[PDB]
């Protein structure tokens, strides 16, 4: 299982982005996917996760009501829609897959930068 993120960018506070994470390799099998983020000098934290079969969602408190995680089985891609971005949302966002802390993750992507200026 190989993961590649895209959709990062640089926007002002109040703006929106949508991150993508495409899975490749053994994409026949089903795995849950999550988004994580890490600001320079800080420990990485969970943002959101999704069950592949049910599309059941999980959200960190910091992003509730602002970010939406979703998945498309045909495209084997998970998405993070981000609205009402805040400067403190600035970080590298990484995708991970495994079966539902980040210890449940078995395969990690590369990371994509999100910057939100004041």
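Numbering follows the first chain given and starts at 1.
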| query | finding |
| --- | --- |
| Residue 22-residue 23 interval: deposited residues absent from the model | none |
| Residue stretch of maximal mean CA temperature factor, 72-80 vs 89-97 | 72-80 |
| Which of 23-31 and 60-68 has higher mean CA B factor, as the PDB entry lists it | 23-31 |
| Within-chain third of residue 116 by Cα B-factor, per the entry | middle |
| B-factor third for the C-alpha atom of residue 103 within its chain | highest |
